[PDB]
Amino acid sequence: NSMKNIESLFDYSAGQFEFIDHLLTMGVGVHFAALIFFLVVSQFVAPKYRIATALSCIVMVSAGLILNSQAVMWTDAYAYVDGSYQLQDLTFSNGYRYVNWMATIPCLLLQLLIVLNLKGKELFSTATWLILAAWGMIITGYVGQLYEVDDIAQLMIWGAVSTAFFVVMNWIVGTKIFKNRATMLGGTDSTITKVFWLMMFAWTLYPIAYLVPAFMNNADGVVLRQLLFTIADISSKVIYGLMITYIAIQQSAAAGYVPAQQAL
Ligand SMILES: CCCCCCCC/C=C\CCCCCCCC(=O)OC[C@H](O)CO
Ligand SMILES: CCCCCCCC/C=C\CCCCCCCC(=O)OC[C@H](O)CO
Ligand SMILES: *C\C=C(C)/C=C/C=C(C)/C=C/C1=C(C)CCCC1(C)C
Ligand SMILES: CCCCCCCC/C=C\CCCCCCCC(=O)O
Ligand SMILES: CCCCCCCC/C=C\CCCCCCCC(=O)O
Ligand SMILES: CCCCCCCC/C=C\CCCCCCCC(=O)O
Numbered sequence: 010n011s012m013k014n015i016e017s018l019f020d021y022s023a024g025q026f027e028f029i030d031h032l033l034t035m036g037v038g039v040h041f042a043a044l045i046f047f048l049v050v051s052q053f054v055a056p057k058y059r060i061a062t063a064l065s066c067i068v069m070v071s072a073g074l075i076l077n078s079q080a081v082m083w084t085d086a087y088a089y090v091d092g093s094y095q096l097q098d099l100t101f102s103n104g105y106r107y108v109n110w111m112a113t114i115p116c117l118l119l120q121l122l123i124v125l126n127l128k129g130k131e132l133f134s135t136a137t138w139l140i141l142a143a144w145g146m147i148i149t150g151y152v153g154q155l156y157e158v159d160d161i162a163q164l165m166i167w168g169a170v171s172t173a174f175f176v177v178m179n180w181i182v183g184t185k186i187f188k189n190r191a192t193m194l195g196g197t198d199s200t201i202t203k204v205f206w207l208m209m210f211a212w213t214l215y216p217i218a219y220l221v222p223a224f225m226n227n228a229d230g231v232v233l234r235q236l237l238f239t240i241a242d243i244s245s246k247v248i249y250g251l252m253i254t255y256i257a258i259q260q261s262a263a264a265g266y267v268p269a270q271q272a273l
């Protein structure tokens with residue numbers, strides 16, 4: 010996997026190499042800082058919605074561990090030699106992020122469906138189609154990036170296939186949001202629409218990073234990709250979870266849960 014990603018193709022200046030290392034370790038801290046937040050405010054969420062804030066804690070730790078894993082893989086694979094960081098070992102690859110997504114994306118979708126107040130047959134039904142569409146998306150994406158060095162045309166046709174799953178997934182999500190937002194309490198029918206558009210923007214950065222190999226094949230493409238992943242991660246995982254949490258509490262208060270009312 011290491012040799013199949015463009016990170017292995019280049020030497021990095023100390024500035025590039027440390028910028029990337031600082032992006033990843035910063036991502037670690039941010040996710041684990043938010044984890045503590047998500048842990049604390051759980052007591053202010055009615056039992057109905059408490060699972061939602063719990064799923065954020067799962068996403069936070071899942072992301073934080075992969076980012077910490079990549080931060081160390083990054084420093085193990087390169088040594089500063091003759092004024093540049095040069096690959097020493099094949100211990101770094103992006104495929105671990107795609108593992109981070111296989112695991113976190115189901116949690117991210119499920120917390121959305123919970124605050125939409127879906128239940129029973131529909132919740133289980135909608136979650137199954139969304140998770141399968143999502144996995145098809147990630148899986149065809151993982152296959153394609155195995156070729157980002159050797160066969161760009163394969164990266165492209167696997168991206169096209171992956172994008173079909175993405176579009177179908179978004180249509181299901183958007184359709185459920187707009188048909189069930191009338192059930193949301195505390196005015197959260199207005200906030201959930203902003204969440205959907207937040208999702209649309211943040212999730213679309215990943216395919217943009219995915220394509221960096223095809224239009225910026227150089228050490229600055231590598232830096233740019235990690236910068237895009239960092240913005241996307243922070244937006245699709247942290248900010249998203251915060252808003253999901255805010256909707257969970259607001260609906261808990263509107264439903265008579267007192268710890269939510271006092272907290273607000
Ligand atoms: C390369 C493979 C082909 C690529 C071609 C891409 C086509 C782009 C079309 C739509 C964007 C998909 C996002 C769907 C946005 C949400 C849809 C939605 O929510 O529908 C509203 C609902 O009908 C109200 O009740
Ligand atoms: C490095 C840190 C970055 C990681 C993020 C830092 C943690 C929280 C930041 C902003 C929260 C604002 C968004 C949350 C809005 C609703 C939360 C809420 O209602 O909290 C109830 C009250 O605070 C309980 O006492
Ligand atoms: C960390 C949370 C999320 C939701 C990550 C989301 C990732 C995607 C939406 C990835 C999408 C891709 C597409 C549409 C086609 C290129 C392959 C990717 C898997 C990067
Ligand atoms: C970088 C994060 C550092 C934050 C300060 C460290 C102190 C430990 C963190 C949180 C304290 C526990 C929060 C409990 C919430 C109050 C619940 C209540 O009012 O009953
Ligand atoms: C635990 C992860 C496995 C999940 C299985 C169920 C979801 C799979 C969804 C669609 C997978 C499409 C894969 C395309 C086949 C080509 C991959 C290959 O060449 O090995
Ligand atoms: C990620 C979304 C999918 C991107 C859509 C792109 C559709 C394919 C467009 C034209 C394919 C042309 C392939 C020729 C390039 C291969 C050889 C080369 O790059 O030098």
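Adding 9 to a residue's 1-based position in the sequence shown gives its number in the working numbering.
Ideal Cβ positions, reconstructed from N, Cα and C, are used throughout, including at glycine.
Within the region 179-232, no run of beta strand (DSSP E) at least 3 residues long lies entirely inside it. Taken atom to atom, the span from the alpha-carbon of residue 176 to that of residue 212 is near 11 Å. The three-state reading of DSSP puts residue 55 in coil, since its state is none of H, G, I, E or B. Per DSSP, the continuous beta strand (DSSP E) segment holding residue 93 begins and ends at 93-96. Among the bridge pairs identified by DSSP, residue 90 is matched with 93. Looking at the backbone, the Cα of residue 53 and that of residue 122 are separated by about 19 Å. Residue pairing for residue 105: DSSP places it in no beta bridge. For a cut-off of 8 Å, the C-beta gap from residue 207 to residue 249 is around 6 Å, short enough to register as a contact. In this structure, ligand 4 has no non-hydrogen atom nearer than 7 Å to the beta-carbon of residue 67.
Within the same chain, 143 come within 6 Å of residue 114 by CB-CB distance, once the 5 residues on both sides are set aside. For residue 263, the uninterrupted alpha helix (DSSP H) run begins and ends at 249-263, by DSSP. Relative to ligand 4, the beta carbon of residue 45 is positioned inside 7 Å of a heavy atom.
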